[PDB]
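Visitor: For reference, the structure I am asking about is given below.
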Amino acid sequence: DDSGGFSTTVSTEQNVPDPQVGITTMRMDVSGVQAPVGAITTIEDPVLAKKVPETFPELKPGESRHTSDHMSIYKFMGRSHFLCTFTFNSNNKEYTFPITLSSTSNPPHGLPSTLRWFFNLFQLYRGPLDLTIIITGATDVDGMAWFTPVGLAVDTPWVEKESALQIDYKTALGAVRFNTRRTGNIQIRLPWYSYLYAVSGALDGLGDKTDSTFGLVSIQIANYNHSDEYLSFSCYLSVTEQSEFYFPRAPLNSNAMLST
Amino acid sequence: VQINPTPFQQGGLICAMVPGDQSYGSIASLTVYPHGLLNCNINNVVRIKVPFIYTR
Amino acid sequence: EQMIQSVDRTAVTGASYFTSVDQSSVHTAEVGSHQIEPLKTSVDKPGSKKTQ
Amino acid sequence: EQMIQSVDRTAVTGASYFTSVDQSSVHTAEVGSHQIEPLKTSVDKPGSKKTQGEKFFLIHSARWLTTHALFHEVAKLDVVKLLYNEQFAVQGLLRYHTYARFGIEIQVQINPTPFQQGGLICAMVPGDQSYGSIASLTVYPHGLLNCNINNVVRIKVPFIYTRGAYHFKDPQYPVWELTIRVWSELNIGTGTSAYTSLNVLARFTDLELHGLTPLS
Amino acid sequence: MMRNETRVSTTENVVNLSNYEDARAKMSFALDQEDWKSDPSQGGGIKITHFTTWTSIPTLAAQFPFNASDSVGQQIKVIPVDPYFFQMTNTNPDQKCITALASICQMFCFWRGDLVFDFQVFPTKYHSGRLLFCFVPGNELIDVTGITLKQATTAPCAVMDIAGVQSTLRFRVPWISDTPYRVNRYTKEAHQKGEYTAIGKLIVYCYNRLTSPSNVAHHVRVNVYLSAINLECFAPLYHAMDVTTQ
Amino acid sequence: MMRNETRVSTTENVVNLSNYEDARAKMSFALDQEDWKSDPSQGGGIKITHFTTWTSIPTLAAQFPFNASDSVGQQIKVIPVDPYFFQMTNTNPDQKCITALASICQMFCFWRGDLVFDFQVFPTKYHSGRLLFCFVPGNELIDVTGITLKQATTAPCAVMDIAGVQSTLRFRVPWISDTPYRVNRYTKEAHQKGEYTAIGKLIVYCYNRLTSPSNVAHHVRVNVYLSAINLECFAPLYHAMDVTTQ
Amino acid sequence: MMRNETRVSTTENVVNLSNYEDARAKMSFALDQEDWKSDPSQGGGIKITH
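Those sequence lines, one after another, are chains A, B, C, D, E, F and G. Residue 102 is where the first sequence starts when you use the numbering used here, and the numbers rise one by one after that. Residue 112 is where the second sequence starts when you use the numbering used here, and the numbers rise one by one after that. Residue 25 is where the third sequence starts when you use the numbering used here, and the numbers rise one by one after that. Residue 1290 is where the fourth sequence starts when you use the numbering used here, and the numbers rise one by one after that. Residue 9 is where the fifth sequence starts when you use the numbering used here, and the numbers rise one by one after that. Residue 9 is where the sixth sequence starts when you use the numbering used here, and the numbers rise one by one after that. Residue 427 is where the seventh sequence starts when you use the numbering used here, and the numbers rise one by one after that.
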């Protein structure tokens, strides 16, 4: 050992990540004439807690009968979920919302139903996301969407007002241009623009508003308005296959899993 | 962590290692963390080795 | 014949000079590893006896 | 160096499903052996699952008469529910075991006098006779009856059910429903007897048992 | 002369979010279309790609003591055996304690797999008596509290001595069921025969009484962990579960 | 019979400008779709494809003299060590002098890399005395002007003689930092702990006094060049920097 | 310079249901685009394709 802390016993590898793939398949009797050794054990020792669990003479349940797999995050959170929604009141009211992974920020100004539970199951996060926005409402409205990383000048979060920024600062960072009559929906990546190593969801203090945020999606509109009709935008998120996960955390209690 | 009970008592403790804070973690789901339990029956010495878990 | 092994009672661990021997011992668990930094945020040598 | 061995504390013993692990154990002594009987006081095989739970069980006794019209349903019953009764030996295996998976064997024997005429139908119907055609029942695995040739038929059908195992305490719907309808009217003259019997001998095939219950 | 014609098919401008192969984006904000590599230095190497890490770890779900003022065969606590089982809470802070198995399974319509209970006792070295961990199958709604103790001997079970130097008996639950797929009925608010959530019910009987010395207490507390094996879940949803107060 | 159908995917008519693979044009105005070859005749062969050409060339960033009327250990000038450092200007014409390193780095959110200062003196051949180029790490906002001269000996440093026939001492700055990515905070206008811009602060101490003859002046001017090595910057922006008046 | 042009042919946005090769769907609701295999255990093997 590099440190020099010696002991009379041996500490083994505790809490092994991903012990089993959740497909029920074959990879005689599981228990039977052979006696169950994992029927009785000692749980205070993590060495003897590694014993195989059985109490009954068993055999195989068999092979599962769905072709797809629904036990990995790459194909469970791939189905997208809700983040936020917002409306419009007057001409060129640029909207700005951040993505904050904290559980202190209660929804609608924070994390809603599925993403609040999912962004507090694991400690650190490092990687991109999928963003699918939906435009529904009035016609002949011009718009523009762009990205802005943390640690820069940007407008006020979650407040719809006139933008103090200009076309030189918005377009030099990277943007798209569309119209609400052609397609009305955008599926766009959310790249990892962060100077720090990895963001963490559950924090408190002054580090929760600094060591959790990793991105900002902000929209400016134009050619508003026409005859009186609502103009509502939607924002969904889904995980991508480029990110990873770290240090499995205890899940959220029943008083935090709330929806909008 | 070393504790010293007399064997005419009974009860148990928990010793988990938490990154950051106990903000919204479950008390009943603390065994997912690398922990070590205590008992008035068997043992009084446990050890936990955890790595550097930090945003930087 | 099966035998369930139990925890050792005597253990000689510690540091260089600070020396402790316990009568009630437990297995020291260990997870992860000491991670190195490839994009070095410090291009010089760390603090040591030879340079200080 | 001498060492006196002591008694082991942990022991994993018991039965198939009943599982016990003890902290204070002792060596299970054993004397003698299971003795066989050479002058056999029982010349047949002992009681087992293969000979008890699969044997023909009479479930219903009706009587097909002459006054029945065309396409009149003689029998309307559940093959699975009538086998669930106290007066059979298949009650003894199904009382402790809740789940069930079985195939249906059917043999129906009737007895007409040869001075009558007419015919019957015996189809095996999954679920119910909700909107099935009476005239198109031969698509089902059936067996017909005749006053001319035969009086014994047999039908072997598999387990047709929306699920795999069966629950006895609260069924969603009946699995099979044996139907018997008048295929031809039974005519007599003067002096010929105006009754003929009907019997249904049914049994299970390929039974599985899973998940023992403590309740009856 | 250019000859490049394709007729526009159906499903034109329809947001498809059932799978991820049509939910993926077709472009990128990134300059030069960059990628993101793996950096296993500051994460400690713990990389989670699968929900098995939270489920099979034993997490506390209930609590029942073993008093000495009870009769031989008296029912102590009845347990609906499911992954949806949690009842503990805390007053300070305002929180209701959740099990790591229930949060994984509350995001699905169906579930299938075995379950492993871990009944850890904390007695003194001088307590005694035994228990009986009988498995009564069926559904969550019968009159289960009328079962005689010798009628529970027909069902599968496991005996256990309280005294000794090993506490946790890892009791595993078989899949005793009539349907292969067992539905999340807790999304609904109306009971219905045919749709269940529990494949059995656990009863810790008072198989023997509690003998003890005078200088200790007259109760032995039994914890209820919750772990699972061969677990399988599909058809996702969202439902915040409620505390089962039995 | 033609069978050529494709369902229209998402991101229909969206201007994508994050990278250049979706920002490139799909056609050309050019007749016969022409191309443009390389002609290295009138350009002198100097072809720049990389921003390293402006950064590592030593450009003047500050100015401080070395007077003789000062005390032993008196602080002369404190320097926030960053690529964002410039203070010189000119009255005729109306212009504020910029360093070639700062213009490259003012178009980014983050920066990472080493820095090399070049302190060139212009004495006579008869001046003397020494200096101490101590590196005090941390952030840009502490009370740095309370450090004792012998307390600066714990930090890494470099001694230097003023007399001799070599002027420039190429002092290199290591990356002493807590975060691997160091942010451009000058876009914001509110201070915040956690986000920094300087990985250290330079203090040229009065390690010894100035001895001189009578027929010269009593001051030795020290220039401050600015060069860098192992430099790395990403996440572009636009920000016109302000003159740091220390 | 990108050169990717196709002129739109006829039968634009016409529901074709004469055969199934134009009546099939172009996507799926299913997560990870799953498939469905054969399970000849509870059906008794009686499979009708005709």
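By construction, the Cβ of each residue, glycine as well, lies at the ideal position given by its N, Cα and C atoms.
May I have the straight-line CA-CA distance separating residue 145/B from residue 149/A, to the nearest angstrom?
Guide: Rounded to whole angstroms, residue 145/B to residue 149/A spans 15 Å at the Cα level.
Visitor: Strictly below 8 Å CB to CB, what residues from chain B border residue 131/E?
Guide: By Cβ distance, chain B contributes 121, 152.
Visitor: List the DSSP bridge partners of residue 1353/D.
Guide: According to DSSP, which records beta bridges pairwise, residue 1353/D is partnered with 1485/D.
Visitor: At a Cβ cut of 8 Å, what residues of the segment 53–66 of chain C count as close to chain E, listed as they run along the chain?
Guide: If the cut-off is 8 Å between Cβ atoms, the segment 53–66 of chain C has 55, 56, 57, 59, 60, 61, 62 near chain E.
Visitor: Go through its chain and collect everything with a Cβ distance to residue 214/A's Cβ below 6 Å, but skip five positions before and after it.
Guide: Result list for residue 214/A: 360, in chain order.
Visitor: Since residue 1422/D meets chain A, which of its residues come closer than 7 Å, beta carbon to beta carbon?
Guide: Neighbours of residue 1422/D on chain A: none; closest Cβ ~33 Å, over 7 Å.
Visitor: Answer yes or no: does any C-beta atom of chain A fall closer than 9 Å to that of residue 1450/D?
Guide: Judged by the 9 Å Cβ criterion, residue 1450/D is not in contact with chain A.
Visitor: With three or more C-beta pairs closer than 8 Å as the rule, is the segment 85–97 of chain E touching the segment 340–349 of chain A?
Guide: Because the criterion of three Cβ pairs below 8 Å is not met, the segment 340–349 of chain A and the segment 85–97 of chain E do not touch.
Visitor: Using 9 Å as the limit for Cβ to Cβ distance, is residue 451/G near chain H?
Guide: Of the protein chains in the structure, A, B, C, D, E, F and G, none is chain H.
Visitor: Return the residues of the segment 47–58 of chain E that lie within a Cβ-Cβ distance of less than 9 Å from chain C, sorted by chain order.
Guide: The residues in question are 47, 48, 49, 50, 51, 52, 53, 54.
Visitor: Does the ligand FMN have even one heavy atom less than 8 Å from the beta-carbon of residue 37/C?
Guide: With respect to the ligand FMN, the structure offers nothing, as it holds no ligand at all.
Visitor: Counting only runs of 3+ residues fully inside the segment 249–330 of chain A, write out the beta strand (DSSP E) ranges in chain order.
Guide: DSSP runs (the beta strand (DSSP E)) wholly in the segment 249–330 of chain A: 276–280, 286–291, 317–323.
Visitor: Output the residue ranges of the beta strand (DSSP E) runs that lie fully inside the segment 171–248 of chain A and measure 3 residues or longer, sorted by chain position.
Guide: For the segment 171–248 of chain A, whole beta strand (DSSP E) runs of length 3 or above, ordered along the chain, are 182–187, 196–199, 225–227, 230–238, 243–248.
Visitor: With which residues is residue 1465/D paired in a DSSP beta bridge?
Guide: Looking at the DSSP assignment, residue 1465/D forms a beta bridge with 1415/D.
Visitor: Quick check: is the beta carbon of residue 121/E nearer than 9 Å to any beta carbon in chain D?
Guide: No, residue 121/E does not count as interfacial toward chain D.
Visitor: What does a CB cutoff of less than 7 Å around residue 199/A pick up in its chain, not counting 5 residues either side in sequence?
Guide: Hits under 7 Å: 258, 314, 317.
Visitor: So, with DSSP's three-state summary, where would you put residue 1390/D?
Guide: DSSP places residue 1390/D in strand when its eight states are reduced to three.
Visitor: Using CA atoms only, rank isn't needed, just tell me which of 203/A, 356/A, 278/A is closest to residue 307/A.
Guide: When only C-alpha atoms are compared, the closest one is 203/A.
Visitor: In the DSSP assignment, find the unbroken alpha helix (DSSP H) run with residue 183/F in it and report its ends.
Guide: Here residue 183/F belongs to no alpha helix (DSSP H), and DSSP marks it neither H nor E.
Visitor: How long is the line joining the alpha carbons of residue 157/E and residue 143/B, rounded to whole angstroms?
Guide: Taking the straight line joining both Cα atoms gives about 36 Å.
Visitor: Using only the alpha-carbon positions, how far apart do residue 147/B and residue 243/A sit?
Guide: If you take the alpha carbons of residue 147/B and residue 243/A, they lie about 60 Å apart.
Visitor: Spell out whether any CB of chain E is found under 9 Å from the CB atom of residue 114/A.
Guide: Chain E contact via Cβ: absent.
Visitor: Which same chain residues, not among the five before or five after residue 1392/D, have their C-beta less than 6 Å away from its C-beta?
Guide: Cβ within range, chain order: 1447, 1448, 1494, 1495.
Visitor: Restricting to Cα atoms, I'd like to know which of 326/A, 310/A, 260/A, 312/A is closest to residue 281/A.
Guide: Of the candidates 326/A, 310/A, 260/A, 312/A, the one whose C-alpha sits nearest the C-alpha of residue 281/A is 326/A.
Visitor: With burial defined as no fewer than 16 other Cβ atoms inside 10 Å of the residue's Cβ, what is the status of residue 128/E: buried or exposed?
Guide: Buried, since its Cβ has 16 or more Cβ neighbours within 10 Å.
Visitor: Within the chosen definition, does the segment 219–235 of chain E reach the segment 1497–1505 of chain D through at least 3 CB pairs nearer than 8 Å?
Guide: With the cut-off at 8 Å, the segment 219–235 of chain E and the segment 1497–1505 of chain D do not touch.
Visitor: Looking only at its chain, what residues have a beta carbon closer than 8 Å to the beta carbon of residue 252/E, apart from the 5 residues adjacent to it on each side?
Guide: Excluding sequence neighbours, residue 252/E sits near 88, 92, 93, 94, 95.
Visitor: Taking Cβ-Cβ distances below 9 Å as the criterion, which residues of the segment 185–200 of chain F are in contact with chain A?
Guide: From the segment 185–200 of chain F, only 187, 188, 189, 190, 191, 192, 193, 195, 196, 197, 200 have a Cβ closer than 9 Å to chain A.
Visitor: Tell me whether residue 174/F sits in a helix, a strand or coil according to DSSP, three-state version.
Guide: Residue 174/F: coil per DSSP, three-state reduction.
Visitor: Residue range of the beta strand (DSSP E) that residue 336/A falls in?
Guide: Per DSSP, residue 336/A belongs to the beta strand (DSSP E) from 332–340.
Visitor: In or out: residue 1450/D buried (at least 16 other Cβ within 10 Å) or exposed?
Guide: Residue 1450/D comes out buried.
Visitor: Would residue 221/A and residue 302/A qualify as a contact pair, given that the criterion is a beta-carbon distance under 9 Å?
Guide: It is a contact, given that the beta carbons lie within the stated cut-off.
Visitor: Determine the chain E residues that contact residue 162/B at a beta-carbon separation under 7 Å, and present them in chain order.
Guide: Within 7 Å Cβ-Cβ: 52.
Visitor: Would you say residue 238/F reaches chain C, if we count a Cβ-Cβ gap shorter than 9 Å as a contact?
Guide: Yes, residue 238/F lies at the interface with chain C (some Cβ there is under 9 Å from its Cβ).
Visitor: Taking Cβ positions only, does residue 29/F come closer than 9 Å to chain E?
Guide: It does; some Cβ of chain E falls within 9 Å.
Visitor: Taking only runs that begin and end inside the segment 103–182 of chain E, name each unbroken alpha helix (DSSP H) of 4 or more residues, in chain order.
Guide: Listed in chain order, they are 108–113.
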